[PDB]
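Just one chain is shown here, as structure tokens, and it is the form deposited in one PDB entry.
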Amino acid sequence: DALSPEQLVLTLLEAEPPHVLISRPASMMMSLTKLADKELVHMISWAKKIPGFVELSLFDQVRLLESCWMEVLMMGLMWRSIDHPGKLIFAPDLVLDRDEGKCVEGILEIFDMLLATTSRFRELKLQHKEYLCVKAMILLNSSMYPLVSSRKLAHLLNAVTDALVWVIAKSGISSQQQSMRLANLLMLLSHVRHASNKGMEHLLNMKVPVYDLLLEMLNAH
């Protein structure tokens, strides 16, 4: 019942992470990095509140968290930036516009992928309910391996899909359009995965250790 469409969406609503303030006393990358570390903590809490997630093997839980985190953060970023072209609302005291991305090399390229994907969600008029479904799906779909408890993950992923399909249905649009909107949303996931891969590569080409800090949190989990 907790995985019933309407109930599931309300449950994901309440599970939303709080606002994160970095509280600033290289530096741009310092801030982004301090932010990620803080957001990751709340991201774990968020996942655990997704009905059934805690019931997957701890193996799958850790697996999913480890490979999704960057995507989920960027999905979050895109959603709070969605109404402001040219800008990225990373956090309540960290708003960066595109050009601030020229400072650090390699980043401008990523800002442009994030801004372009956000632009696309804006054009589709992504709803609050749809966004809650898509973000859970990003988590649940982040890793193939735990799927090829696997029974449980597949069932959970189907449940969230049903909820997204349900959300699209009460849209009142025709059945052809419903299929098209589902397809348009899911194809955007490719692009969120893409920006995620670019941001990971760049983070690792860098000389705060988010990834190791994440692994500590995961061992804590």
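Residues carry their position along the shown sequence, with the first being 1.
A second form of this protein, the form deposited with a partner chain bound, is not displayed here; the remarks below concern that form.
Chemist: Is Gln61 part of the interface with the partner chain in the entry with it bound - any heavy atom within 4.5 Å?
Modeler: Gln61: yes, in contact with the partner chain in the entry with it bound.
Chemist: Tell me, yes or no, whether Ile22 is in contact with the partner chain in the entry with it bound, where a contact means a heavy atom of each within 4.5 Å.
Modeler: Because no heavy atom of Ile22 falls inside 4.5 Å of the partner chain in the entry with it bound, the answer is no.
Chemist: Report yes if any heavy atom of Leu213 sits within 4.5 Å of a heavy atom of the partner chain in the entry with it bound; otherwise report no.
Modeler: Yes - in the entry with it bound, heavy atoms of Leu213 and the partner chain come within 4.5 Å of each other.
Chemist: Could you tell me if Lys48 has a non-hydrogen atom within 4.5 Å of the partner chain in the entry with it bound?
Modeler: Because a heavy atom of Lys48 falls inside 4.5 Å of the partner chain in the entry with it bound, the answer is yes.
Chemist: Looking in the entry with it bound, is the partner chain within 4.5 angstroms of a heavy atom from every one of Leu3, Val9 and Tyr131?
Modeler: Spot residues vs the partner chain: no contact at all.
Chemist: Versus the form shown, are the CA atoms of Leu215 and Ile50 closer or farther apart in the entry with it bound, given a shift of 3 angstroms or more?
Modeler: Those two alpha carbons end up farther apart in the entry with it bound.
Chemist: I want to verify one pair: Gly199 and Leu215. Are their C-alpha atoms nearer or more distant in the entry with it bound compared with the form I supplied, knowing the change is 3 Å or more?
Modeler: Relative to this form, closer in the entry with it bound.
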